[PDB]
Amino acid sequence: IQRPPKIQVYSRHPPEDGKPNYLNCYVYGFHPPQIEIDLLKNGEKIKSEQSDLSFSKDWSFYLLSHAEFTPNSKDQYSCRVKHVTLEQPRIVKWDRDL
């Protein structure tokens, strides 16, 4: 009936400071399909694109939200997810290393 989102964050390319890149936030395994996914730079929402919502064999949903970014020394990134199974918006930090 009800499933919480799994969330993974990763960049498209090797994360080299200075070089333009793509930040990906991948939200999956959830249900109901109603969801909100924001990509944040140092806490502030950035301009991002979302794929069409879709679902897997077992009826759970998934969604890819990506945005352009240029990683550097100081700036830290993250993904915020609001879903009906989460009392507070869940936040997942981007770890360049993982």
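Think of the rigid core as the biggest set of C-alphas that the two forms share within 1.5 Å after superposition. Just count from 1 along the sequence shown to find any residue number.
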>> Quick check: by Cα RMS after rigid core superposition, does 29-37 or 53-61 differ more from this form in 5 other deposited structures of this protein?
In response: 53-61
> For the C-alpha atoms alone, is the average B factor greater in 61-69 or in 31-39, going by the entry?
Replying inline: 31-39
> If you average the CA temperature factors over each stretch, which comes out higher, 75-83 or 6-14?
Replying inline: 75-83
> Lowest, middle or highest third: where is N24 by Cα B-factor in its chain?
Replying inline: lowest
